[PDB]
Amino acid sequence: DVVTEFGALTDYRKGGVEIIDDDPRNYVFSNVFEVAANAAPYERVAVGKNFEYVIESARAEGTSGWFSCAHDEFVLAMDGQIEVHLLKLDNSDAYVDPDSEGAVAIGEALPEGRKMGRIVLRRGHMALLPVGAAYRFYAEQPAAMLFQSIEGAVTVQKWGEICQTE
């Protein structure tokens, strides 16, 4: 009887690199669930980089500040219920420099604009974080999530201490 294995913050089995003739560091090997279990609430840790572009892992816990970005982003829920709030900004150049890239933390006060909608995500669900919107999260219990974004003001690079160096 078929069982498809998904990871979670509480239950994950990191694999790894076996070497024949090479350096493990070339593979920048980590596990998004471990990375998020060790970070502070809503800290966005880079787990993948390719030039400007990033995948970021984070633990959602309680209610985050507000974010906005100069370009589309996407969020993938990896474990647990995460609530997403969207607000259309009256004047987004007031909070996010356009021509900047990567998410901007725009504070906890409610940004000026109109209520756009609400999204409730579970494990394996993806949502659009559209350019010119302001977004926030609520998670009743710790939950794991991933952003597809660009290297910016919230992107945390802990490279040598998340990856498999030996």
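Position 1 is the first residue in the sequence shown; the rest follow in order.
- Set 130-138 against 97-105 and average the Cα temperature factors; 97-105 ends up higher.
- Comparing the deposited coordinates for 154-162 and 14-22, the stretch with the larger average C-alpha B-factor is 154-162.
- Sort the modelled residues of the chain by CA B factor and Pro111 lands in the highest third.
- Annotation for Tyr27: C-alpha temperature factor in the highest third relative to the rest of the modelled chain, per the entry.
- In this PDB entry, the Cα temperature factor of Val75 sits in the bottom third of its chain's modelled residues, the lowest group.
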